[PDB]
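Here the structure comes first, spelled out in structure tokens, and everything after it is commentary.
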Amino acid sequence: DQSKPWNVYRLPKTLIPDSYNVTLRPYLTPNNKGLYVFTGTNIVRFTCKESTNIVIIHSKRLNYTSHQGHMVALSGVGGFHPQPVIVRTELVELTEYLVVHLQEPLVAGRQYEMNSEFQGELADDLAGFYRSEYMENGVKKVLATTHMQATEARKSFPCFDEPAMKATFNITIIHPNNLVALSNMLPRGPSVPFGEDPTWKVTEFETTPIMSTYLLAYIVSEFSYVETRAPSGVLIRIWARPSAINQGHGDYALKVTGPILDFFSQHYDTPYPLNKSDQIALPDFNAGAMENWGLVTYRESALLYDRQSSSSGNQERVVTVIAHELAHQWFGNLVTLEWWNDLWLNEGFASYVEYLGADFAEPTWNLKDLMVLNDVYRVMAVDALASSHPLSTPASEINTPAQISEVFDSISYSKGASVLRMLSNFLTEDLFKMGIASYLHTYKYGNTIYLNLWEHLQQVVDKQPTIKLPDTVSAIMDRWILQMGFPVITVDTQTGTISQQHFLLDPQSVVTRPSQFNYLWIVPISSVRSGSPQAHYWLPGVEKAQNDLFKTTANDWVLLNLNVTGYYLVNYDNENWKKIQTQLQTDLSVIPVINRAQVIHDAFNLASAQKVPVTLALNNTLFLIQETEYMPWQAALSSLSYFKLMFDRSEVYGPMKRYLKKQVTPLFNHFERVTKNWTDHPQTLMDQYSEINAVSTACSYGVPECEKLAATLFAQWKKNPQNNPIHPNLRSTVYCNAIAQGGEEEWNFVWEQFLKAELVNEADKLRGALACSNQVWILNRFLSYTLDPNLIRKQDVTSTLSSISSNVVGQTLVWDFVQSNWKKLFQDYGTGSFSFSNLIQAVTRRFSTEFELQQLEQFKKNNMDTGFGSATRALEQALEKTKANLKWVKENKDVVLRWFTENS
Amino acid sequence: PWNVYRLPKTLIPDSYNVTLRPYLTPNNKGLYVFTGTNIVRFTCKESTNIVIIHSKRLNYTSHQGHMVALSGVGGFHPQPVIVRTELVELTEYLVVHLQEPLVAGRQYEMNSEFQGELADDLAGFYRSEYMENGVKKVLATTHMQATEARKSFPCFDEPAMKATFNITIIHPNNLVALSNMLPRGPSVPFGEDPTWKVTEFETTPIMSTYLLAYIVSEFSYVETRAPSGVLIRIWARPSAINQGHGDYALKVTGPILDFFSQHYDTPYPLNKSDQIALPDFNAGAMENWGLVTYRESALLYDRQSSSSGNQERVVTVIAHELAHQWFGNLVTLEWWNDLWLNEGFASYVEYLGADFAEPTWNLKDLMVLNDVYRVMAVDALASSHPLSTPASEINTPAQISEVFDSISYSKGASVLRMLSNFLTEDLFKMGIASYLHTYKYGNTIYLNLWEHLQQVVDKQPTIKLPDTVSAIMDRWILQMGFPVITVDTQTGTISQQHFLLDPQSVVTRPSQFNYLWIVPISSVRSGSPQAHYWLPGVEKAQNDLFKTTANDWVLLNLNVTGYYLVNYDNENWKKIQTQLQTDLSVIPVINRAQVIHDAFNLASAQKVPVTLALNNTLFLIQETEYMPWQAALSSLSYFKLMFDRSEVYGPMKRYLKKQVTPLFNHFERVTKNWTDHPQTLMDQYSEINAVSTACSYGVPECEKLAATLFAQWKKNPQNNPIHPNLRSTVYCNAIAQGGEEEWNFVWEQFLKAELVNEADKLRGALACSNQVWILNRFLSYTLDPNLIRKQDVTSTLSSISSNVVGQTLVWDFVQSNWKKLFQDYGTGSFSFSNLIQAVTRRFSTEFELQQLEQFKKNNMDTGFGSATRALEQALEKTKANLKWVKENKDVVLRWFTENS
């Protein structure tokens, strides 16, 4: 009954919390029933802003101890009549409410305190207050940890669990005397014994700042740490398993965390306000990392680093994730989204700002350039769908916890970053950061919506003469924030005519989301004419214009969007494309490296949408035979992976592989020479990445010299496994190829190494390579292990299922397994973020036939009893993509076959 | 009446004149067609104002306002008056509506002028094609069985409506026409066009429509005369005849025909028996009286390139078709529900004929593996059917087509083998001879047979039965299934019960005998024979023949002559197991196959623990005979289907590898490094299973043999160094361990392969690829009749499906291409039901059962045609498989692991 306030998914605006006291006691040994439990009490102090006879507060999977026949007690602060009288308390499970029914309405303007006493499960579900486990020598260790985002604080204590209901939190932790408690703040004093039980201690923490419930954290463990003070005086500690800390696996995080934090404080003119910032690595963690204010939590694989055994890509991951989480200390913690429909205000800012902090940390890596591959091109695939969504989705469309979990997606993260990058570029970053500092000073300890940003940027633009815009910030940026998608910008170099239209992967798909701007953008457009920079141009919100900047003669070409600073694709007339192709084949260095990736990426996007012939995208890969840079090869491999997914079960695959083998063999041989036969690996991060791509691609497509290298390294490893001779950058390729080329013996050896792998970086590589078996029975045995948490942690299941489905033989096995174990998978991941939508996308990627479309529709019908939870949009996108795939394969299978045959 | 599938009995034909003219080039509509005329002469037995006659996909040239003409033969008072004629497509009728009833006792002639397609559909009058040098050659040929004669001319197309047939063929002057009989004279030029000739054939004997045949081709022949004087000719593509590929069939055909004439004291009545090999043919072979048609793979034989199994196939199929000249042609089933009267006899008698031609091979013993154990898997289901199925269940052409199945063929053979054993063969054949003499040129019911058998039994004193022949044989004919005979050796208690693969299959088919049989039971005690015993039609009995002491074991059903399973108390099983480990030679080789086969069936159906069945395979490490290894590999193929996608498969492979490696080494020694293969057919077969099994389960020196032999062949393709007996394994294993290069080489060899024996081995090996993209590309080729002939599609699909990577690839393909496959095979025999069984046999999970049910109801508008029972059997088996895997996966993993 949606007329009742306790049956709708937004809290009343009538009661506003001020502060919370929460006391928690985890029990880290199971009870007589085999459960791990925690007990707690809390006090919520709120103000009645508007008269009401009910208290609606969030509560999820908590059992309450009743006091006077009621689940809570309630009183006005400091006596004052009338005192409230509870008629009854009820739990409403669907909307995750505790409802307190009062005999009289509360008094507007007064304060009340509600006391509860509760019990919950320290489950292995990675949500709320939960448990994490690890082996140390012989012993199974169990610890207690939290993850509140988005809607899980209510699972550890009753609270007004929405991000705009900020409060202060007074945390007390009751814990065994041999364990340490951590929280957002420092303890108020030394821990004293629990009077009721001296084998237990009590640790009480300083009051948090005004903050959102989803940012609370508390942890009880045996962990150790390493410690430094940042130049600013902020205390930095890196916490982890004692084995990890003693091996130095926390040292790299300790190196970069304090400097990045201080960089952000200075760069945005807003000092980090707390006295410390703990980073802690958890063995069981759903997301990867979480920005809890003062106590940032990480997957081990995102915080720990072994300078002998972790790869270069592992190290990039650590500094990027740390920079991301520290960026949240401003964008999310100090200033917070008003509601989850504006998630990009937190996640888009943090995903853009991570590159400035991580580039500060590791300037020689040139990390900023990877933003095009890692974010822009990551999200453009889904943002070309009619079933995408805008950065700022209308709020009443992101209501339920499943829909909230859903929007933690590539739009909110990576399109968020892409649009802020573009804004920063055309404003200049020095101007951008002044507007942001204004934004942050105005809204600190409060909440914002998309509009509040643009005033502060407009003022800095208006107060200086150099940088000017053809419109207001709000006119330009609203078009990027309130409507989904992005334009393709098409140039006729014979007339200079320039036009825009909403880019749709399937031109026959029906866009039903209306746009007040009719899917037109105001587009900033940089360009070069045969390498020479041109005047900057803005395309106004018009379908078509003309400018001689984009007209050429027979000896000149133009190239739009240098460095792909703007969030759009570019298409040209056929003659311009030919001139670009000739330049790439004559002297590729004339085209900047990012734009070499652009002409590959955009042509393949355009081909899949019937806007260029598929042979033009393929012709754009010919020059790779002389390219040694990482990014253009990575763009080609990512584009061609759509071809792999569409064709690796068909007659096209043979000719495909022979083409890729031909294109990559000189790159493989180039690295064999410059690394002196794989003994002296390259110096720059980019060249190391290019080397890894050369080795992975050469081995995947049958370069016998790469197959020899992998076989030889693996055979050497297996002769003495206490010494690993495989460079970590090469391990995934070597492990995968040894399993692919071998049988049960190689699989079992790798599985044994996995079971004893102490370092998660190494375990991850071993686990991934196990998906490379060509034996159905071995893949299905592997699949059975994923349902055993003694073998595969819950946090790794979805990643493992994805890797197995990437295997062409595992495609049908994982599809069948997901369908056969649906109910378990839905319970485990259906209300969480990332994993379940990742899984739906991974298992359906290949679908391209009428039969497979019908089977996906049947799958949807078979599971209407559960629905699709946090993968509901993902399933609609999978349907749209499958329909597009089916038509594209039918229209291009024969031309693609012919092209690979002729250019091989 | 025209809406019911059986003909009325009011009008009975006497004779037919049919003139057919095939056009072997397409017409202005792009079709290959034949034109024809016929005259059907029949007698009105009962007055009726309608003529209902069969007609299928024939277009008529009307005359005088009607689609046929109807004359009275000497009628003259009122000649019949046609009001209306119509075609009724569903029941495949042409219906003539008359103004007045036809007159009881008068004779009438119906005259028709028609056209039909010479389609590539392998049914009726159809076309077949082959390449010769560069030229595509097209010939016209027939296959009428069961209900396709109606697709070549209107006729009363039921087998008890026998008639004589006067065939005329108008054909191009460079081609020869053949039919059942010899021509009445030299061909004469077609007056209207002298590039065509006219060949008219002698009148056939009184016979069924489904046995008529006529062929127009450029084929060559070799010729001989049987010692009895019957002319024998073997016809095939000229290239094949010129290379000698018809010579082996020329050697054996005449002698086998004469053997049957003598053995049943009933002379073949025609002056010739042509055998002809067709490039496109659905069944394998067909017994048309005087003109027996064959797949090339069932008749042709190359001394240098065909294998030993290929040669056994030829002599056995020839013997089967010649057996039909008696069992089907001379005497014919009354209706298709009693098909076993034709093919049960043929499938049993083929062994006597083949044994006569090749007495050193010992082919009679192979009937236990090839027929008894083949059918026992299906006959252990609630969805089986009796040998004599109630006629109303066998009504439509789809139901008729489906009943050409392992029950009618292999249980029919098994039951008549039983009968021939417990009364002797010499007595059996005298009773058959009586039966044949009495009902020649007519049709029979099972009850006609028992009488003639009873007469011969009653004429001698030495063979005595516990009841009449009809009483005994009714239990094996009229109710489905077979008993498991259980022996408690501690007490001599012997009991019977209907054997059911899943104890919760719900038997809804009632039997008037309550599923009890009268069972002939042979036995030995520690190797030496006991007296014979008959278990009466009772659930339970006691006899000391089956009571033993601590130092004695018994064994029932010597050489598995009887159609039943045997189970014992655990103590007897252990003693039999000890005997196999002490001296396996004491248990006759066929019963060594029995103890493996029956235990595995018993294990699947809860009557023994699965570890008993697995323990009965332990002695194979010392066995070198073909038959017990073949029984084990056939029983274990169920374990492979159930487990080759699970953790169980690793240990199961390690166990098979252990058991077979000394047999492989044994053949590596006795063949002198694979240069001198065994002299005996049985030992050749044992060698083939050793190599195949060793390579399949990873004996590294078998893998080495195959890859080396294949590479050497590929280097020098004009010189094949692989002995034909080993090609299937070597080709498959080299494909499995190689990639596109190996696959593409085998495919081009296949496309150019002239000898179907060799094409078949190449084609089967292409299913061994472990590359999804290669298997899917292969699947796409099966839709192109320039690449895979229609006669080979379901074979290829089944082969790909057997590949564990091919399992879901074929399942998806069949569902996706349902419409064409249903059209091509859904109303014919063998192919469609084989396909359904093949693609589903792995199903063992709830999810797979749900997909099967969804498949059924996605197609219930079409139905499943001649795979309708097959689908119900697949549903029953899948449900049994789910429970069986649930109940046994852990014990089976443990046993394979512990036994290495």
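Here's how to read the names in the structure tokens: chain A, B, ... by the order shown, residue numbers from 1 in each chain, ligand numbers from 1 in the order shown.
Residues in contact with residue 575 (chain A) at up to 10 Å, not including ones fewer than 5 positions away on its chain and judged by only C-alpha atoms, are residues 492, 493, 494, 554, 557, 580 and 581 of chain A.
Residue neighbourhood of region 106-109 of chain B, excluding near-sequence residues (fewer than 5 positions): residues 39, 40, 41, 42, 43, 44, 45, 69, 70, 71, 72, 73, 74 and 75 of chain B, at 9 Å, using only C-alpha atoms.
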Pick out each residue of region 51-274 of chain B that DSSP on the backbone tags as strand (DSSP E or B); I need them as a PDB file with C-alpha atoms, in the first residue's frame.
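To be explicit, this is the file written out as out.pdb:
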ATOM      1  CA  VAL B  51     -13.186 -44.947 -54.435  1.00  0.00           C
ATOM      2  CA  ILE B  52     -10.600 -44.097 -51.804  1.00  0.00           C
ATOM      3  CA  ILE B  53      -7.063 -44.632 -53.065  1.00  0.00           C
ATOM      4  CA  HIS B  54      -3.658 -43.330 -51.960  1.00  0.00           C
ATOM      5  CA  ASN B  59      -0.430 -33.498 -59.860  1.00  0.00           C
ATOM      6  CA  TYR B  60      -3.063 -34.886 -62.259  1.00  0.00           C
ATOM      7  CA  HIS B  63      -9.833 -35.439 -68.718  1.00  0.00           C
ATOM      8  CA  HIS B  66     -12.336 -35.152 -63.798  1.00  0.00           C
ATOM      9  CA  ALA B  69     -11.366 -41.951 -65.415  1.00  0.00           C
ATOM     10  CA  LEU B  70     -13.309 -44.996 -64.091  1.00  0.00           C
ATOM     11  CA  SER B  71     -14.296 -47.814 -66.478  1.00  0.00           C
ATOM     12  CA  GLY B  72     -16.309 -50.919 -65.692  1.00  0.00           C
ATOM     13  CA  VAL B  73     -14.592 -54.061 -66.970  1.00  0.00           C
ATOM     14  CA  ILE B  82     -17.989 -39.616 -61.498  1.00  0.00           C
ATOM     15  CA  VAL B  83     -19.561 -36.666 -59.696  1.00  0.00           C
ATOM     16  CA  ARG B  84     -16.437 -35.180 -58.062  1.00  0.00           C
ATOM     17  CA  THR B  85     -12.836 -36.204 -57.337  1.00  0.00           C
ATOM     18  CA  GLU B  86     -10.670 -34.530 -54.692  1.00  0.00           C
ATOM     19  CA  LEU B  87      -7.271 -34.924 -53.069  1.00  0.00           C
ATOM     20  CA  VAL B  88      -7.307 -35.195 -49.275  1.00  0.00           C
ATOM     21  CA  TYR B  93      -6.001 -39.937 -50.460  1.00  0.00           C
ATOM     22  CA  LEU B  94      -7.491 -39.398 -53.869  1.00  0.00           C
ATOM     23  CA  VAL B  95     -11.253 -39.713 -53.395  1.00  0.00           C
ATOM     24  CA  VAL B  96     -13.606 -40.339 -56.325  1.00  0.00           C
ATOM     25  CA  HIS B  97     -17.256 -39.565 -55.532  1.00  0.00           C
ATOM     26  CA  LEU B  98     -19.731 -41.544 -57.645  1.00  0.00           C
ATOM     27  CA  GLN B 107     -14.334 -55.225 -61.865  1.00  0.00           C
ATOM     28  CA  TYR B 108     -13.304 -51.652 -62.538  1.00  0.00           C
ATOM     29  CA  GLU B 109     -10.291 -49.886 -64.016  1.00  0.00           C
ATOM     30  CA  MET B 110      -9.226 -46.426 -62.901  1.00  0.00           C
ATOM     31  CA  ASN B 111      -6.967 -44.534 -65.316  1.00  0.00           C
ATOM     32  CA  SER B 112      -4.775 -41.622 -64.238  1.00  0.00           C
ATOM     33  CA  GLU B 113      -2.247 -39.245 -65.820  1.00  0.00           C
ATOM     34  CA  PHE B 114       0.077 -37.525 -63.388  1.00  0.00           C
ATOM     35  CA  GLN B 115       3.329 -35.702 -62.625  1.00  0.00           C
ATOM     36  CA  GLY B 116       5.525 -35.597 -59.526  1.00  0.00           C
ATOM     37  CA  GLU B 117       8.872 -34.206 -58.466  1.00  0.00           C
ATOM     38  CA  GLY B 124       9.144 -42.629 -53.708  1.00  0.00           C
ATOM     39  CA  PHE B 125      10.500 -42.025 -57.224  1.00  0.00           C
ATOM     40  CA  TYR B 126      13.431 -39.677 -56.550  1.00  0.00           C
ATOM     41  CA  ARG B 127      16.756 -38.536 -58.015  1.00  0.00           C
ATOM     42  CA  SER B 128      20.277 -39.452 -57.008  1.00  0.00           C
ATOM     43  CA  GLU B 129      23.438 -37.686 -58.106  1.00  0.00           C
ATOM     44  CA  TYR B 130      27.162 -38.230 -58.460  1.00  0.00           C
ATOM     45  CA  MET B 131      30.223 -36.704 -60.128  1.00  0.00           C
ATOM     46  CA  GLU B 132      32.093 -38.546 -62.899  1.00  0.00           C
ATOM     47  CA  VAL B 135      30.238 -34.110 -65.048  1.00  0.00           C
ATOM     48  CA  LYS B 136      27.328 -34.130 -62.629  1.00  0.00           C
ATOM     49  CA  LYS B 137      25.325 -37.282 -63.368  1.00  0.00           C
ATOM     50  CA  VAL B 138      21.645 -37.583 -62.378  1.00  0.00           C
ATOM     51  CA  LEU B 139      19.766 -40.896 -62.119  1.00  0.00           C
ATOM     52  CA  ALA B 140      16.196 -41.806 -61.099  1.00  0.00           C
ATOM     53  CA  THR B 141      15.563 -44.471 -58.477  1.00  0.00           C
ATOM     54  CA  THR B 142      12.908 -45.637 -56.038  1.00  0.00           C
ATOM     55  CA  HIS B 143      12.307 -46.289 -52.382  1.00  0.00           C
ATOM     56  CA  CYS B 155      -2.460 -47.062 -55.635  1.00  0.00           C
ATOM     57  CA  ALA B 163      -1.347 -57.168 -56.800  1.00  0.00           C
ATOM     58  CA  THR B 164       0.669 -57.757 -59.934  1.00  0.00           C
ATOM     59  CA  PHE B 165       2.495 -54.858 -61.558  1.00  0.00           C
ATOM     60  CA  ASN B 166       3.098 -54.252 -65.281  1.00  0.00           C
ATOM     61  CA  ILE B 167       5.855 -51.618 -65.408  1.00  0.00           C
ATOM     62  CA  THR B 168       6.864 -49.569 -68.472  1.00  0.00           C
ATOM     63  CA  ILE B 169       9.680 -46.996 -68.338  1.00  0.00           C
ATOM     64  CA  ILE B 170      10.236 -44.321 -70.984  1.00  0.00           C
ATOM     65  CA  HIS B 171      13.856 -43.212 -70.710  1.00  0.00           C
ATOM     66  CA  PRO B 172      16.711 -41.519 -72.600  1.00  0.00           C
ATOM     67  CA  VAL B 176      19.177 -48.416 -69.007  1.00  0.00           C
ATOM     68  CA  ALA B 177      15.963 -49.013 -67.134  1.00  0.00           C
ATOM     69  CA  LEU B 178      15.779 -51.691 -64.442  1.00  0.00           C
ATOM     70  CA  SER B 179      12.790 -52.915 -62.469  1.00  0.00           C
ATOM     71  CA  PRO B 183      12.273 -56.657 -69.728  1.00  0.00           C
ATOM     72  CA  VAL B 188      12.124 -49.860 -78.770  1.00  0.00           C
ATOM     73  CA  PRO B 189      12.430 -46.164 -79.689  1.00  0.00           C
ATOM     74  CA  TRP B 196      14.041 -41.730 -75.813  1.00  0.00           C
ATOM     75  CA  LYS B 197      13.427 -45.503 -75.602  1.00  0.00           C
ATOM     76  CA  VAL B 198      10.676 -47.626 -74.064  1.00  0.00           C
ATOM     77  CA  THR B 199      11.385 -50.606 -71.829  1.00  0.00           C
ATOM     78  CA  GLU B 200       8.475 -52.769 -70.708  1.00  0.00           C
ATOM     79  CA  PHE B 201       8.986 -55.340 -67.948  1.00  0.00           C
ATOM     80  CA  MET B 207       3.252 -58.588 -54.146  1.00  0.00           C
ATOM     81  CA  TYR B 214      12.477 -48.987 -61.041  1.00  0.00           C
ATOM     82  CA  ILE B 215      15.747 -47.241 -61.810  1.00  0.00           C
ATOM     83  CA  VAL B 216      17.069 -45.289 -64.802  1.00  0.00           C
ATOM     84  CA  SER B 217      20.831 -44.771 -64.903  1.00  0.00           C
ATOM     85  CA  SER B 220      27.633 -50.651 -65.069  1.00  0.00           C
ATOM     86  CA  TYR B 221      27.414 -54.165 -63.686  1.00  0.00           C
ATOM     87  CA  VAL B 222      29.223 -57.404 -63.073  1.00  0.00           C
ATOM     88  CA  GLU B 223      27.316 -60.599 -63.663  1.00  0.00           C
ATOM     89  CA  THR B 224      27.234 -64.253 -62.652  1.00  0.00           C
ATOM     90  CA  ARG B 225      24.765 -67.096 -62.297  1.00  0.00           C
ATOM     91  CA  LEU B 231      21.035 -64.400 -62.664  1.00  0.00           C
ATOM     92  CA  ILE B 232      23.004 -62.238 -60.191  1.00  0.00           C
ATOM     93  CA  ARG B 233      24.107 -58.738 -61.203  1.00  0.00           C
ATOM     94  CA  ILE B 234      25.857 -56.094 -59.082  1.00  0.00           C
ATOM     95  CA  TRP B 235      25.181 -52.557 -60.377  1.00  0.00           C
ATOM     96  CA  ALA B 236      26.984 -49.332 -59.429  1.00  0.00           C
ATOM     97  CA  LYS B 272      17.234 -62.815 -61.380  1.00  0.00           C
ATOM     98  CA  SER B 273      18.163 -60.802 -58.304  1.00  0.00           C
ATOM     99  CA  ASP B 274      19.827 -57.462 -59.081  1.00  0.00           C
TER     100      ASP B 274
END
- For chain A against chain B, which residues fall within 10 Å using only C-alpha atoms, given as a PyMOL selection string? chain A and resi 647-654+744+774-784+808-810+812-813+816-817+819-821+849-852+855+858
Store the residues picked out above, limited to C-alpha atoms, as an mmCIF file, in the first residue's frame.
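Okay, this is what ended up in out.cif:
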data_model
loop_
_atom_site.group_PDB
_atom_site.id
_atom_site.type_symbol
_atom_site.label_atom_id
_atom_site.label_comp_id
_atom_site.auth_asym_id
_atom_site.auth_seq_id
_atom_site.Cartn_x
_atom_site.Cartn_y
_atom_site.Cartn_z
ATOM 1 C CA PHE A 647 33.085 -14.553 -34.686
ATOM 2 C CA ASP A 648 35.150 -16.937 -32.534
ATOM 3 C CA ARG A 649 32.504 -19.668 -32.883
ATOM 4 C CA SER A 650 32.256 -19.338 -36.690
ATOM 5 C CA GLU A 651 34.196 -19.879 -39.922
ATOM 6 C CA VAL A 652 35.390 -16.254 -39.710
ATOM 7 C CA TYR A 653 37.694 -17.069 -36.803
ATOM 8 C CA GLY A 654 40.397 -18.911 -38.769
ATOM 9 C CA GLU A 744 44.852 -31.987 -16.102
ATOM 10 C CA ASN A 774 40.138 -26.488 -23.327
ATOM 11 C CA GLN A 775 38.649 -29.471 -21.413
ATOM 12 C CA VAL A 776 34.910 -29.259 -20.692
ATOM 13 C CA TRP A 777 35.187 -31.543 -17.667
ATOM 14 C CA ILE A 778 38.014 -29.441 -16.156
ATOM 15 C CA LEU A 779 36.097 -26.192 -16.699
ATOM 16 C CA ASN A 780 32.977 -27.680 -15.146
ATOM 17 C CA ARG A 781 34.967 -29.009 -12.182
ATOM 18 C CA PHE A 782 36.388 -25.480 -11.765
ATOM 19 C CA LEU A 783 32.844 -24.116 -11.929
ATOM 20 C CA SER A 784 31.790 -26.457 -9.077
ATOM 21 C CA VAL A 808 35.065 -20.035 -26.094
ATOM 22 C CA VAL A 809 34.531 -23.556 -24.681
ATOM 23 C CA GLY A 810 33.336 -22.076 -21.378
ATOM 24 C CA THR A 812 27.910 -22.426 -22.899
ATOM 25 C CA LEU A 813 29.153 -23.922 -19.632
ATOM 26 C CA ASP A 816 24.158 -23.084 -18.173
ATOM 27 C CA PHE A 817 25.814 -22.816 -14.728
ATOM 28 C CA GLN A 819 20.948 -20.561 -15.031
ATOM 29 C CA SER A 820 21.302 -23.734 -12.953
ATOM 30 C CA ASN A 821 22.541 -21.908 -9.831
ATOM 31 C CA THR A 849 21.864 -15.448 -33.344
ATOM 32 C CA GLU A 850 18.102 -15.772 -33.445
ATOM 33 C CA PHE A 851 18.396 -18.876 -31.243
ATOM 34 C CA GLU A 852 20.509 -17.113 -28.627
ATOM 35 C CA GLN A 855 17.170 -18.250 -25.233
ATOM 36 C CA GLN A 858 13.411 -17.539 -22.259
#
- Nearest residue to residue 727 (chain A) from the set A:679, A:689, A:641, A:758 (distances using only C-alpha atoms): A:679
I'd like the contact shell of residue 350 (chain A) - 10 Å cut-off, only C-alpha atoms, skipping same-chain residues fewer than 3 positions apart - returned as a compact mmCIF listing (two decimals) with N, CA and C atoms, in the first residue's frame.
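And here is the file that came out, part.txt:
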# COMPACT_ATOMS: atom_id res chain seq x y z
N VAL A 321 43.77 3.43 -7.36
CA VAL A 321 42.68 3.23 -6.41
C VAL A 321 42.90 4.11 -5.17
N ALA A 323 44.49 6.98 -5.03
CA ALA A 323 44.15 8.34 -5.45
C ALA A 323 42.63 8.52 -5.58
N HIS A 324 41.93 7.51 -6.11
CA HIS A 324 40.47 7.56 -6.21
C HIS A 324 39.84 7.72 -4.83
N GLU A 325 40.27 6.90 -3.87
CA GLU A 325 39.66 6.94 -2.54
C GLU A 325 39.99 8.23 -1.82
N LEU A 326 41.21 8.75 -2.03
CA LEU A 326 41.53 10.02 -1.39
C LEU A 326 40.76 11.15 -2.05
N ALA A 327 40.52 11.07 -3.36
CA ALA A 327 39.73 12.11 -4.01
C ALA A 327 38.34 12.20 -3.37
N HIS A 328 37.77 11.05 -3.01
CA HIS A 328 36.49 11.02 -2.32
C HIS A 328 36.48 11.77 -1.00
N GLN A 329 37.64 12.02 -0.38
CA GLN A 329 37.61 12.72 0.90
C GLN A 329 37.02 14.11 0.71
N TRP A 330 37.21 14.70 -0.47
CA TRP A 330 36.55 15.93 -0.90
C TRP A 330 35.22 15.63 -1.60
N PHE A 331 35.29 14.84 -2.67
CA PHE A 331 34.14 14.58 -3.54
C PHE A 331 33.42 13.32 -3.08
N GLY A 332 32.57 13.50 -2.08
CA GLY A 332 31.76 12.44 -1.50
C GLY A 332 31.66 12.56 0.01
N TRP A 344 27.41 10.46 -9.96
CA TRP A 344 28.57 11.04 -10.62
C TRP A 344 29.19 12.21 -9.84
N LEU A 345 28.40 12.95 -9.05
CA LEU A 345 28.99 14.01 -8.23
C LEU A 345 30.07 13.47 -7.31
N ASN A 346 29.88 12.25 -6.80
CA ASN A 346 30.90 11.55 -6.03
C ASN A 346 31.84 10.78 -6.97
N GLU A 347 31.28 9.85 -7.75
CA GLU A 347 32.10 8.87 -8.45
C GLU A 347 32.74 9.41 -9.72
N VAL A 353 39.56 12.87 -10.82
CA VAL A 353 40.60 13.39 -9.94
C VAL A 353 41.63 12.33 -9.60
N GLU A 354 41.28 11.04 -9.67
CA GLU A 354 42.27 10.00 -9.39
C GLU A 354 43.51 10.15 -10.28
N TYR A 355 43.32 10.59 -11.52
CA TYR A 355 44.44 10.72 -12.45
C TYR A 355 45.37 11.86 -12.05
N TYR A 413 30.69 6.38 -13.07
CA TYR A 413 32.14 6.45 -12.89
C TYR A 413 32.84 7.05 -14.10
N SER A 414 32.75 6.38 -15.24
CA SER A 414 33.63 6.68 -16.36
C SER A 414 33.09 7.76 -17.28
N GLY A 416 31.14 10.06 -16.04
CA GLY A 416 31.43 11.14 -15.11
C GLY A 416 32.84 11.70 -15.29
N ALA A 417 33.84 10.82 -15.29
CA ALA A 417 35.22 11.28 -15.49
C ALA A 417 35.41 11.91 -16.86
- Query: Got a sec: who's within 8 Å of residue 289 (chain B), counting only C-alpha atoms, leaving out chain neighbours fewer than 2 positions off, as number ranges by chain?
  - Reply: B: 180, 211-212, 273, 287, 291-292, 325, 329
